[PDB]
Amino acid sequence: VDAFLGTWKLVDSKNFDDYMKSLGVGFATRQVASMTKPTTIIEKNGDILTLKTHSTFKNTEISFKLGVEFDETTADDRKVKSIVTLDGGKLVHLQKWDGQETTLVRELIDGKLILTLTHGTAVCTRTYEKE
């Protein structure tokens, strides 16, 4: 997982409104989210990964072991059961709640971190660059 480690800043986003709307996020939160450029920090300490997402709007932090389920409260206030694994060199984060699922997939492509978010028919792509 070592190539994912570091500090990353958002530089491009496509279809995030569609993804938020699919999750039921209200229009006022979508407004602010469309103008926010988060910083994501990924760190490791032995087998424990910590993923921080910082912005002027909301901040989140989770710590987990790969392949072990954990409880997570998301930035939009869903209480989900999560698991993160490495699949084909990608970091795959699966969230389940109320019979629903969403995936947050991170892959490294030409030095950039590409985050693909899928829920329902909505697919959002967010591109991060390393700081």
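One rule holds for the numbers: they count along the sequence shown, beginning at 1.
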Which of the two stretches, 44 to 52 or 97 to 105, shows the higher mean Cα temperature factor in the record? 97 to 105
Output the stretch having the higher mean C-alpha B factor in the entry; the candidates are 110 to 118 and 10 to 18. 110 to 118
Between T85, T74, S63, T36, which one tops the list for Cα B-factor in this entry? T36
Entry-reported Cα temperature factor of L5, expressed as the chain third it lands in: middle
Chain-relative CA temperature factor third for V92: lowest
